[PDB]
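Close look at the chain arrangement
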Amino acid sequence: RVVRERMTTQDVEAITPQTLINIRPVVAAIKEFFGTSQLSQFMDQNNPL
Amino acid sequence: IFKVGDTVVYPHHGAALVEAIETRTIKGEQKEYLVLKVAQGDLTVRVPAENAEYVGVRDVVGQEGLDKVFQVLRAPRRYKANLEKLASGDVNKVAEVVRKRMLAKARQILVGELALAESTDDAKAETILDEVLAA
Amino acid sequence: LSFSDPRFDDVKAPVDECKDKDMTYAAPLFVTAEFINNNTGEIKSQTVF
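Residues numbered from 1 in each chain as written, not as in the entry; some residues may be left out. Chains lettered and ligands numbered in written order. Part of a larger assembly, values for the part shown. Heavy atoms only, no water.

So, the overall build of chain C
Helix and strand counts for chain C come out as one helix and three strands. Taken along the three principal axes of its C-alpha coordinates, chain C extends 55 × 15 × 10 Å. Considering only intrachain contacts with a sequence separation of at least 6, the fraction spanning at least 24 residues in chain C is 26%. On chain C, roughly 3400 Å² of surface is accessible, and the fraction owed to carbon and sulfur atoms is 56%. (Helix = DSSP H or I, 4+ residues; strand = E, 2+ residues; numbered from the N terminus. Contact = heavy atoms within 4.5 Å. Areas by Shrake-Rupley, 256 points an atom, 1.4 Å probe, with all protein chains shown as cover.)

Here's what the structure looks like:
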């Protein structure tokens with residue numbers, strides 16, 4: 001969504017996909033899933049069983 | 001200008017080493033797509049050979065062009081048009097810009113123009129541009 | 001703008017060392033993101049981290 005709205009604000013035939021791409025929401029989404037979600041439970045190891 | 005192994009300078013993305021010509025067709029029309037290995041971050045560009053002179057990607061300048069940017073550097077609104085003066089493509093209009101981020105791009109692309117027209121050992125040759133800064 | 005070819009390299013740190021030095025076990029992620037301006041047909045392909 002940010003990419004599609006930012007290509008309008010960028011100029012024409014003078015930009016590159018490296019300038020286009022912002023991986024911050026992807027990595028933020030991964031870390032906010034691994035923390036702060038009850039399906040990413042703390043590992044429970046009293047014994048191998 | 002558009003052959004195998006040339007050194008053709010894009011007016012915005014810098015100089016690229018063309019490796020090969022491809023006839024990658026657009027609906028049955030085998031357009032002469034020419035590859036471009038610009039060594040900034042290797043954003044590989046396949047441009048048509050016919051539209052290459054449409055967009056104005058040009059060959060490297062010579063020693064006469066080097067002396068032209070030297071004589072522009074000899075004698076040192078305005079700010080909006082001088083940024084647009086980089087977008088002209090003429091090498092005597094790039095050297096008017098160097099005589100704050102816009103000044104950063106103008107100096108580094110002149111040395112890439114300096115060290116490929118003459119092939120004289122690049123960005124350490126930015127110090128050579130510092131020599132002709134006083135001119 | 002065209003996305004293609006996801007790619008993984010190997011890991012950045014081994015298991016026990018990652019456990020001891022308090023970080024996350026990880027690996028770098030690479031894709032082949034391509035931007036074309038089809039006003040005249042002008043592709044630009046990178047390998048975006």
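Now that the structure has been shown, we can carry on.
Description of the packing of aromatic side chains
All names here are of chain C. Taken as a whole and judged by the stated rule, the model has two aromatic pairs over all chains. Taken together, a centroid distance of 5.8 Å and an interplanar angle of 65° make the contact between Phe 30 and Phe 49 edge-to-face. Within this pair, whereas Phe 30 is found in strand β2 (residues 29-37), its partner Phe 49 is found in the segment after β3 (42-45), the two being separated by 19 residues in sequence. On the accessibility criterion, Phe 30 (16% relative accessible area) is buried. (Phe/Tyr/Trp six-rings, centres within 6.5 Å; stacked < 30°, edge-to-face > 60°. Buried < 20%, exposed > 50% of the residue type's maximum accessible area, 1.4 Å probe, protein only.)

Observations regarding the interface of chain B and chain C
Taken together, the ten residues of chain B in the interface contact seven residues of chain C. Here chain B meets chain C over a buried area of about 760 Å², counting both sides, of which 52% is carbon and sulfur. When residues of chain B are sorted by the area they lose upon contact with chain C, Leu 43, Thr 44 and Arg 46 of chain B head the list and together hold 38% of the total. Run the count over chain B and chain C and you get zero salt bridges. On inspection of chain B and its partner chain C, the count reaches two residue pairs in polar contact. Residue classes in the side of chain B that touches chain C are distributed as five nonpolar, two polar and three charged. Bridge count for strand β7 (residues 44-48) of chain B against β3 of chain C is three bridges, and the pairing is antiparallel. Paired with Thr 44 of chain B across the strands is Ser 45 of chain C, a residue of β3 of chain C. (Buried area = accessible area lost by both parts, 1.4 Å probe. Salt bridge = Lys/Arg side-chain N within 4 Å of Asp/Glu carboxyl O. Polar contact = N/O pair within 3.5 Å; in protein donor to acceptor, adjacent residues only side chain to side chain. Nonpolar A, V, L, I, M, F, W, Y, C, P; charged D, E, K, R; others polar. Pairing = 2+ DSSP bridges.)

Section: the packing of helix α2 (residues 63-74) of chain B against helix α5 (residues 101-117) of chain B
Residue and element names in this part refer to chain B. Relative to each other, α2 and α5 sit at 145°, their axes nearing to 9 Å. The hand of the α2/α5 crossing is left-handed. Along the contact surface, α2 presents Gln 63, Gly 65, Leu 66, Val 69 and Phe 70, while α5 presents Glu 113, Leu 114 and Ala 117. Here the residues of the contact of α2 with α5 sort into five nonpolar, two polar and one charged. (Axes fitted to C-alpha atoms, helices over the stretch in contact; angles between N-to-C directions. Left-handed = near helix turned anticlockwise from the far one by under 90°.)

Examining the domain arrangement of chain B
Residues and elements named next belong to chain B. Segmenting chain B into domains produces domain 1 (1-59) and domain 2 (60-135). Contact residues are listed per partner, giving six residues for domain 1 and six residues for domain 2. Of the roughly 490 Å² buried between domain 1 and domain 2, counting both surfaces, carbon and sulfur atoms make up 57%. A per-residue breakdown of the area domain 1 buries against domain 2 is headed by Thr 7, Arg 58 and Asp 59, which together make up 62% of the total. Counting every contact that joins domain 1 to domain 2 gives zero salt bridges. Counting the contacts that link domain 1 with domain 2 gives one residue pair in polar contact. Classifying every residue of the side of domain 1 that touches domain 2 by side-chain character gives two nonpolar, two polar and two charged. (Domains from an automatic or database assignment.)

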